[PDB]
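Shown next: input.cif, containing mmCIF, N, CA and C atoms.
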data_entry
#
loop_
_atom_site.label_atom_id
_atom_site.label_comp_id
_atom_site.auth_asym_id
_atom_site.auth_seq_id
_atom_site.Cartn_x
_atom_site.Cartn_y
_atom_site.Cartn_z
N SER A 18 -101.78 141.27 90.83
CA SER A 18 -101.51 141.00 89.42
C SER A 18 -102.55 140.07 88.78
N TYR A 19 -103.75 140.00 89.37
CA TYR A 19 -104.80 139.16 88.83
C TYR A 19 -105.22 139.66 87.46
N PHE A 20 -105.40 140.97 87.35
CA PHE A 20 -105.76 141.55 86.07
C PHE A 20 -104.60 141.45 85.10
N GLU A 21 -103.36 141.39 85.60
CA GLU A 21 -102.21 141.21 84.72
C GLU A 21 -102.23 139.81 84.14
N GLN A 22 -102.65 138.83 84.94
CA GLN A 22 -102.77 137.47 84.43
C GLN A 22 -103.86 137.40 83.37
N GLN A 23 -104.96 138.12 83.62
CA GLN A 23 -106.04 138.18 82.64
C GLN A 23 -105.55 138.84 81.36
N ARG A 24 -104.72 139.88 81.51
CA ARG A 24 -104.14 140.58 80.37
C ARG A 24 -103.30 139.63 79.53
N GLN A 25 -102.48 138.82 80.20
CA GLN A 25 -101.63 137.86 79.51
C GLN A 25 -102.45 136.83 78.74
N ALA A 26 -103.44 136.24 79.40
CA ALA A 26 -104.26 135.23 78.75
C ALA A 26 -105.05 135.81 77.59
N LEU A 27 -105.56 137.03 77.76
CA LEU A 27 -106.37 137.64 76.72
C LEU A 27 -105.53 138.12 75.55
N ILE A 28 -104.31 138.62 75.80
CA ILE A 28 -103.48 139.02 74.66
C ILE A 28 -103.06 137.77 73.90
N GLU A 29 -102.91 136.64 74.60
CA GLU A 29 -102.58 135.41 73.88
C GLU A 29 -103.77 134.94 73.05
N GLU A 30 -104.99 135.12 73.57
CA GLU A 30 -106.19 134.77 72.82
C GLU A 30 -106.29 135.64 71.57
N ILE A 31 -105.96 136.91 71.74
CA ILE A 31 -105.93 137.86 70.65
C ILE A 31 -104.92 137.41 69.61
N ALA A 32 -103.76 136.96 70.07
CA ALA A 32 -102.72 136.48 69.16
C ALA A 32 -103.19 135.24 68.41
N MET A 33 -103.99 134.40 69.06
CA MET A 33 -104.50 133.20 68.41
C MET A 33 -105.39 133.58 67.24
N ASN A 34 -106.40 134.41 67.51
CA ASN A 34 -107.31 134.85 66.46
C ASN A 34 -106.59 135.65 65.39
N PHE A 35 -105.58 136.41 65.80
CA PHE A 35 -104.77 137.21 64.91
C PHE A 35 -104.08 136.33 63.88
N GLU A 36 -103.32 135.36 64.37
CA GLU A 36 -102.61 134.43 63.50
C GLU A 36 -103.57 133.60 62.67
N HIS A 37 -104.75 133.30 63.23
CA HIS A 37 -105.76 132.55 62.50
C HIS A 37 -106.17 133.33 61.26
N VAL A 38 -106.44 134.62 61.45
CA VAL A 38 -106.81 135.49 60.35
C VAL A 38 -105.66 135.62 59.37
N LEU A 39 -104.42 135.61 59.87
CA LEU A 39 -103.26 135.72 58.98
C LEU A 39 -103.21 134.55 58.02
N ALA A 40 -103.40 133.34 58.54
CA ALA A 40 -103.38 132.15 57.69
C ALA A 40 -104.51 132.20 56.67
N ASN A 41 -105.68 132.69 57.10
CA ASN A 41 -106.82 132.81 56.21
C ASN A 41 -106.49 133.71 55.03
N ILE A 42 -105.99 134.92 55.33
CA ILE A 42 -105.69 135.85 54.25
C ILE A 42 -104.58 135.33 53.37
N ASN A 43 -103.65 134.54 53.90
CA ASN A 43 -102.58 134.03 53.05
C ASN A 43 -103.13 133.09 51.98
N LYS A 44 -103.97 132.11 52.37
CA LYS A 44 -104.53 131.21 51.34
C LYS A 44 -105.41 132.03 50.38
N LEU A 45 -106.08 133.05 50.90
CA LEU A 45 -106.89 133.91 50.06
C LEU A 45 -106.04 134.70 49.07
N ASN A 46 -104.94 135.32 49.55
CA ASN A 46 -104.04 136.08 48.69
C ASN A 46 -103.50 135.23 47.56
N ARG A 47 -103.28 133.94 47.84
CA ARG A 47 -102.86 133.05 46.77
C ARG A 47 -103.97 132.97 45.73
N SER A 48 -105.22 132.93 46.20
CA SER A 48 -106.35 132.91 45.27
C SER A 48 -106.40 134.18 44.44
N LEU A 49 -106.14 135.32 45.08
CA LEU A 49 -106.16 136.61 44.40
C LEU A 49 -105.14 136.68 43.29
N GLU A 50 -103.90 136.35 43.63
CA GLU A 50 -102.82 136.38 42.65
C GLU A 50 -103.10 135.43 41.50
N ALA A 51 -103.65 134.25 41.81
CA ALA A 51 -103.97 133.29 40.76
C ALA A 51 -105.04 133.83 39.84
N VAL A 52 -106.02 134.53 40.41
CA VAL A 52 -107.11 135.11 39.64
C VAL A 52 -106.58 136.14 38.66
N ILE A 53 -105.79 137.09 39.15
CA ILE A 53 -105.27 138.11 38.24
C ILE A 53 -104.32 137.50 37.22
N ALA A 54 -103.57 136.47 37.62
CA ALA A 54 -102.66 135.80 36.71
C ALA A 54 -103.42 135.18 35.56
N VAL A 55 -104.61 134.66 35.85
CA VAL A 55 -105.43 134.10 34.78
C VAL A 55 -106.07 135.23 33.99
N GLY A 56 -106.35 136.35 34.64
CA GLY A 56 -106.99 137.47 33.99
C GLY A 56 -106.12 138.43 33.21
N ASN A 57 -104.80 138.23 33.12
CA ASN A 57 -103.95 139.19 32.40
C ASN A 57 -104.01 139.08 30.85
N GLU A 58 -105.05 138.48 30.27
CA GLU A 58 -105.22 138.39 28.82
C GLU A 58 -105.90 139.63 28.23
N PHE A 59 -105.93 140.74 28.96
CA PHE A 59 -106.66 141.95 28.57
C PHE A 59 -105.77 143.11 28.19
N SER A 60 -104.52 142.86 27.81
CA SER A 60 -103.64 143.96 27.42
C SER A 60 -103.87 144.33 25.96
N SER A 61 -103.56 143.40 25.06
CA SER A 61 -103.72 143.65 23.64
C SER A 61 -105.18 143.76 23.25
N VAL A 62 -106.05 143.03 23.94
CA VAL A 62 -107.47 143.07 23.62
C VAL A 62 -108.03 144.45 23.95
N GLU A 63 -107.70 144.94 25.14
CA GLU A 63 -108.15 146.26 25.54
C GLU A 63 -107.54 147.31 24.64
N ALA A 64 -106.27 147.11 24.27
CA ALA A 64 -105.61 148.06 23.39
C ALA A 64 -106.29 148.10 22.03
N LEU A 65 -106.74 146.94 21.56
CA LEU A 65 -107.41 146.84 20.28
C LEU A 65 -108.69 147.66 20.27
N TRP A 66 -109.56 147.40 21.23
CA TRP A 66 -110.80 148.17 21.22
C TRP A 66 -110.58 149.58 21.77
N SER A 67 -109.41 149.86 22.34
CA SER A 67 -109.10 151.23 22.68
C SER A 67 -108.88 151.97 21.38
N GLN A 68 -108.18 151.31 20.45
CA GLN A 68 -107.97 151.89 19.13
C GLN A 68 -109.30 152.07 18.42
N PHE A 69 -110.25 151.16 18.66
CA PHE A 69 -111.58 151.28 18.08
C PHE A 69 -112.22 152.59 18.51
N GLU A 70 -112.33 152.80 19.82
CA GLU A 70 -112.92 154.05 20.31
C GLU A 70 -112.08 155.26 19.89
N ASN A 71 -110.77 155.08 19.69
CA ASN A 71 -109.95 156.19 19.24
C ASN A 71 -110.34 156.58 17.82
N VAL A 72 -110.52 155.58 16.95
CA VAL A 72 -110.90 155.89 15.58
C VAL A 72 -112.34 156.36 15.48
N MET A 73 -113.16 156.18 16.53
CA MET A 73 -114.52 156.70 16.46
C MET A 73 -114.50 158.22 16.39
N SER A 74 -113.57 158.85 17.11
CA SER A 74 -113.40 160.29 17.15
C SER A 74 -112.29 160.75 16.20
N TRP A 75 -112.12 160.05 15.07
CA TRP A 75 -111.08 160.33 14.08
C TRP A 75 -111.65 160.72 12.72
N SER A 76 -112.57 159.93 12.19
CA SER A 76 -113.17 160.22 10.90
C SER A 76 -114.04 161.46 10.96
N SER B 25 -109.21 132.71 -70.34
CA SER B 25 -110.45 132.05 -69.92
C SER B 25 -110.24 130.97 -68.85
N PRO B 26 -109.42 129.94 -69.09
CA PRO B 26 -109.22 128.94 -68.03
C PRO B 26 -108.49 129.52 -66.84
N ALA B 27 -107.60 130.49 -67.09
CA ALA B 27 -106.93 131.16 -65.99
C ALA B 27 -107.97 131.91 -65.18
N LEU B 28 -108.95 132.49 -65.87
CA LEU B 28 -110.03 133.19 -65.19
C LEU B 28 -110.93 132.21 -64.45
N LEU B 29 -111.00 130.95 -64.91
CA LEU B 29 -111.76 129.95 -64.16
C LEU B 29 -111.07 129.73 -62.82
N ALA B 30 -109.74 129.68 -62.86
CA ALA B 30 -108.99 129.55 -61.63
C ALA B 30 -109.15 130.81 -60.77
N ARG B 31 -109.27 131.98 -61.41
CA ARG B 31 -109.46 133.22 -60.67
C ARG B 31 -110.77 133.19 -59.91
N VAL B 32 -111.84 132.74 -60.57
CA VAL B 32 -113.12 132.68 -59.87
C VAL B 32 -113.06 131.64 -58.77
N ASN B 33 -112.25 130.59 -58.93
CA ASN B 33 -112.12 129.62 -57.84
C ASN B 33 -111.44 130.28 -56.64
N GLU B 34 -110.46 131.15 -56.92
CA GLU B 34 -109.80 131.88 -55.84
C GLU B 34 -110.80 132.78 -55.15
N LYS B 35 -111.64 133.44 -55.94
CA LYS B 35 -112.65 134.31 -55.38
C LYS B 35 -113.69 133.52 -54.59
N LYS B 36 -113.95 132.27 -54.99
CA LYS B 36 -114.89 131.44 -54.24
C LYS B 36 -114.34 131.17 -52.85
N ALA B 37 -113.06 130.81 -52.79
CA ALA B 37 -112.42 130.56 -51.51
C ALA B 37 -112.43 131.82 -50.65
N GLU B 38 -112.17 132.96 -51.28
CA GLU B 38 -112.18 134.22 -50.57
C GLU B 38 -113.56 134.54 -50.03
N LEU B 39 -114.60 134.26 -50.81
CA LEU B 39 -115.95 134.54 -50.36
C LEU B 39 -116.33 133.63 -49.20
N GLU B 40 -115.87 132.38 -49.23
CA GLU B 40 -116.16 131.48 -48.13
C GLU B 40 -115.51 131.99 -46.86
N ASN B 41 -114.27 132.45 -46.99
CA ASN B 41 -113.56 133.03 -45.86
C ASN B 41 -114.29 134.25 -45.33
N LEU B 42 -114.76 135.09 -46.24
CA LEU B 42 -115.46 136.31 -45.86
C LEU B 42 -116.78 135.99 -45.16
N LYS B 43 -117.47 134.95 -45.60
CA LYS B 43 -118.72 134.57 -44.95
C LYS B 43 -118.46 134.13 -43.53
N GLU B 44 -117.38 133.36 -43.35
CA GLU B 44 -117.03 132.92 -42.01
C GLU B 44 -116.66 134.11 -41.13
N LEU B 45 -115.96 135.08 -41.71
CA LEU B 45 -115.59 136.28 -40.96
C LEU B 45 -116.81 137.07 -40.54
N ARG B 46 -117.79 137.15 -41.43
CA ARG B 46 -119.03 137.86 -41.14
C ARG B 46 -119.77 137.19 -40.00
N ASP B 47 -119.86 135.86 -40.06
CA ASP B 47 -120.53 135.10 -39.02
C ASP B 47 -119.84 135.31 -37.68
N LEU B 48 -118.51 135.31 -37.71
CA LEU B 48 -117.73 135.51 -36.51
C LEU B 48 -117.92 136.90 -35.94
N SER B 49 -117.99 137.92 -36.81
CA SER B 49 -118.19 139.28 -36.33
C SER B 49 -119.54 139.42 -35.66
N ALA B 50 -120.55 138.75 -36.22
CA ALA B 50 -121.88 138.80 -35.63
C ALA B 50 -121.85 138.13 -34.26
N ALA B 51 -121.16 136.99 -34.17
CA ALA B 51 -121.04 136.29 -32.90
C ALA B 51 -120.30 137.14 -31.88
N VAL B 52 -119.31 137.90 -32.35
CA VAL B 52 -118.53 138.77 -31.47
C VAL B 52 -119.44 139.79 -30.83
N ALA B 53 -120.20 140.51 -31.66
CA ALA B 53 -121.11 141.53 -31.15
C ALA B 53 -122.14 140.93 -30.20
N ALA B 54 -122.57 139.70 -30.46
CA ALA B 54 -123.51 139.03 -29.56
C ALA B 54 -122.86 138.83 -28.20
N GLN B 55 -121.60 138.43 -28.22
CA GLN B 55 -120.88 138.24 -26.97
C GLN B 55 -120.70 139.56 -26.25
N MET B 56 -120.57 140.65 -26.99
CA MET B 56 -120.43 141.94 -26.33
C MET B 56 -121.71 142.31 -25.61
N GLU B 57 -122.85 141.97 -26.21
CA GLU B 57 -124.13 142.25 -25.57
C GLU B 57 -124.25 141.46 -24.27
N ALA B 58 -123.90 140.17 -24.34
CA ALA B 58 -123.96 139.32 -23.16
C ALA B 58 -123.02 139.85 -22.09
N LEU B 59 -121.83 140.29 -22.50
CA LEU B 59 -120.85 140.85 -21.59
C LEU B 59 -121.41 142.04 -20.86
N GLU B 60 -122.12 142.90 -21.60
CA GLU B 60 -122.70 144.08 -20.99
C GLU B 60 -123.72 143.70 -19.93
N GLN B 61 -124.48 142.62 -20.18
CA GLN B 61 -125.45 142.17 -19.19
C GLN B 61 -124.76 141.73 -17.91
N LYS B 62 -123.69 140.95 -18.06
CA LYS B 62 -122.99 140.45 -16.89
C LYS B 62 -122.33 141.58 -16.12
N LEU B 63 -121.78 142.55 -16.84
CA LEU B 63 -121.15 143.68 -16.18
C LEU B 63 -122.18 144.48 -15.40
N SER B 64 -123.40 144.56 -15.93
CA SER B 64 -124.45 145.26 -15.21
C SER B 64 -124.76 144.53 -13.91
N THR B 65 -124.75 143.20 -13.97
CA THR B 65 -125.01 142.42 -12.77
C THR B 65 -123.92 142.65 -11.74
N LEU B 66 -122.68 142.78 -12.22
CA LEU B 66 -121.57 143.02 -11.32
C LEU B 66 -121.74 144.33 -10.60
N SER B 67 -122.10 145.36 -11.37
CA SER B 67 -122.32 146.67 -10.80
C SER B 67 -123.44 146.65 -9.78
N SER B 68 -124.45 145.80 -10.01
CA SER B 68 -125.54 145.70 -9.05
C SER B 68 -125.03 145.15 -7.73
N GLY B 69 -124.17 144.14 -7.80
CA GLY B 69 -123.60 143.59 -6.59
C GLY B 69 -122.76 144.61 -5.85
N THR B 70 -122.02 145.42 -6.62
CA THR B 70 -121.20 146.45 -6.00
C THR B 70 -122.07 147.49 -5.31
N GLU B 71 -123.21 147.82 -5.92
CA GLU B 71 -124.13 148.78 -5.31
C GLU B 71 -124.66 148.24 -4.00
N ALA B 72 -124.88 146.93 -3.95
CA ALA B 72 -125.33 146.30 -2.71
C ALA B 72 -124.31 146.49 -1.61
N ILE B 73 -123.04 146.26 -1.93
CA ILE B 73 -122.03 146.45 -0.90
C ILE B 73 -121.85 147.93 -0.57
N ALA B 74 -122.20 148.82 -1.50
CA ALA B 74 -122.16 150.24 -1.19
C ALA B 74 -123.21 150.55 -0.13
N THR B 75 -124.34 149.84 -0.22
CA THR B 75 -125.40 149.98 0.77
C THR B 75 -124.87 149.56 2.13
N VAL B 76 -124.05 148.52 2.14
CA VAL B 76 -123.45 148.04 3.38
C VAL B 76 -122.56 149.11 4.00
N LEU B 77 -121.76 149.78 3.17
CA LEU B 77 -120.93 150.85 3.72
C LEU B 77 -121.79 151.97 4.26
N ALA B 78 -122.93 152.22 3.62
CA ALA B 78 -123.82 153.28 4.10
C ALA B 78 -124.31 152.94 5.50
N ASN B 79 -124.56 151.65 5.74
CA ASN B 79 -125.01 151.21 7.06
C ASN B 79 -123.96 151.52 8.11
N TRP B 80 -122.75 151.00 7.90
CA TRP B 80 -121.71 151.24 8.89
C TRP B 80 -121.27 152.69 8.98
N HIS B 81 -121.38 153.44 7.90
CA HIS B 81 -120.97 154.83 7.97
C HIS B 81 -121.94 155.60 8.86
N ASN B 82 -123.24 155.34 8.68
CA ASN B 82 -124.22 156.00 9.53
C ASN B 82 -124.07 155.54 10.97
N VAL B 83 -123.65 154.29 11.16
CA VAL B 83 -123.43 153.78 12.51
C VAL B 83 -122.35 154.58 13.19
N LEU B 84 -121.21 154.68 12.52
CA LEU B 84 -120.06 155.38 13.05
C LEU B 84 -120.37 156.83 13.37
N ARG B 85 -121.02 157.52 12.45
CA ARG B 85 -121.33 158.92 12.70
C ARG B 85 -122.34 159.06 13.83
N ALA B 86 -123.31 158.15 13.89
CA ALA B 86 -124.32 158.21 14.94
C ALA B 86 -123.70 158.01 16.31
N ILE B 87 -122.71 157.13 16.38
CA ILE B 87 -122.07 156.86 17.65
C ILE B 87 -121.20 158.03 18.04
N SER B 88 -120.43 158.54 17.08
CA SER B 88 -119.52 159.65 17.33
C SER B 88 -120.27 160.87 17.83
N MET B 89 -121.49 161.08 17.32
CA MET B 89 -122.27 162.20 17.81
C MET B 89 -122.68 161.98 19.26
N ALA B 90 -122.96 160.73 19.62
CA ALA B 90 -123.29 160.41 20.99
C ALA B 90 -122.04 160.38 21.84
N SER B 91 -120.94 159.91 21.26
CA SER B 91 -119.68 159.82 21.96
C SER B 91 -119.08 161.19 22.22
N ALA B 92 -119.28 162.13 21.30
CA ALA B 92 -118.75 163.48 21.40
C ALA B 92 -119.62 164.42 22.23
N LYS B 93 -120.56 163.90 23.02
CA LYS B 93 -121.41 164.75 23.84
C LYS B 93 -120.56 165.43 24.91
N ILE B 94 -120.41 166.75 24.78
CA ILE B 94 -119.62 167.56 25.71
C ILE B 94 -120.36 168.88 25.90
N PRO B 95 -121.41 168.94 26.73
CA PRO B 95 -122.09 170.23 26.89
C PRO B 95 -121.26 171.23 27.68
N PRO B 109 -133.43 164.69 23.64
CA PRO B 109 -134.48 165.33 22.85
C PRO B 109 -135.69 164.43 22.63
N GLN B 110 -136.45 164.68 21.57
CA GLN B 110 -137.62 163.89 21.23
C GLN B 110 -137.17 162.52 20.73
N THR B 111 -138.15 161.71 20.31
CA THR B 111 -137.94 160.37 19.77
C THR B 111 -138.30 160.29 18.29
N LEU B 112 -138.43 161.43 17.61
CA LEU B 112 -138.80 161.43 16.20
C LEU B 112 -137.66 160.87 15.36
N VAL B 113 -137.94 159.78 14.65
CA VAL B 113 -136.98 159.08 13.79
C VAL B 113 -137.69 158.69 12.51
N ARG B 114 -137.01 157.89 11.69
CA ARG B 114 -137.53 157.40 10.43
C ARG B 114 -137.41 155.89 10.43
N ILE B 115 -138.54 155.22 10.30
CA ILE B 115 -138.63 153.76 10.32
C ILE B 115 -139.23 153.31 8.99
N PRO B 116 -138.43 153.09 7.93
CA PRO B 116 -139.02 152.63 6.67
C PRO B 116 -139.67 151.25 6.76
#

Let me see the structure of the file written as structure tokens.
Amino acid sequence: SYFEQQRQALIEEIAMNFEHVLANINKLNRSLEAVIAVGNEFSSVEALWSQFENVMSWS
Amino acid sequence: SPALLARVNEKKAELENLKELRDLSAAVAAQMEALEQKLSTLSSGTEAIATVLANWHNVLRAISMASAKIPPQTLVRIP
């Protein structure tokens, strides 16, 4: 079971790096959500100039 | 005779009134001439803004022709 012991230690090492990456993406995801939350000022503005391009093909 | 002296005095007052009316009518027509000048200036300003609409109208049509491309040279006019 020598290779089984190696398997155990290595899967635990994998779990370490795994959870490490999990924590990284979590702080990052908070950054992502904050970014879009700040960026949601483009509804009426986009709608406004959408109407602009709509009236270009109207007259 | 003396009644007629009073009559001519009445006519004197009437003539003074008429002279003032004549002067006023002349002044009126003068003001109409000035008015016509100012109105011409107004129309000139309006023509200027008509030029502005010509700018944006050509803009809009020029874009729409490019925007409506659904399937050249560089010859243009540069005053």

Handout entry: One-decimal distance in Å that lies between CA of residue 40 in chain A and atom N of residue 21 in chain A
Key =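 If I compute the distance from atom N of residue 21 in chain A to CA of residue 40 in chain A, I get 29.4 Å.
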
Handout entry: Residue IDs satisfying the PyMOL selection byres ((chain A and name CA) within 10 of (chain B and name CA)), as JSON, numbers by chain
Key = {"A": [70, 72, 73, 74, 75, 76]}

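The gap separating atom C of residue 26 in chain A from atom C of residue 43 in chain A is 25.8 Å, in Å to one decimal.
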
Problem - Å distance separating atom N of residue 93 in chain B from atom C of residue 66 in chain A, one decimal place - result: 17.5 Å

Box in all listed atoms of range 73-86 of chain B, axis-aligned, with 4 Å more on each side; write out centre and edge lengths in Å to one decimal as JSON.
{"center_x": -122.7, "center_y": 152.7, "center_z": 7.2, "size_x": 13.3, "size_y": 20.8, "size_z": 26.2}

Exercise for the section: Identify all residues of chain B in helix (DSSP H, G or I) (DSSP on the backbone) and supply them as a ChimeraX atom specification. Expected result: /B:26-91
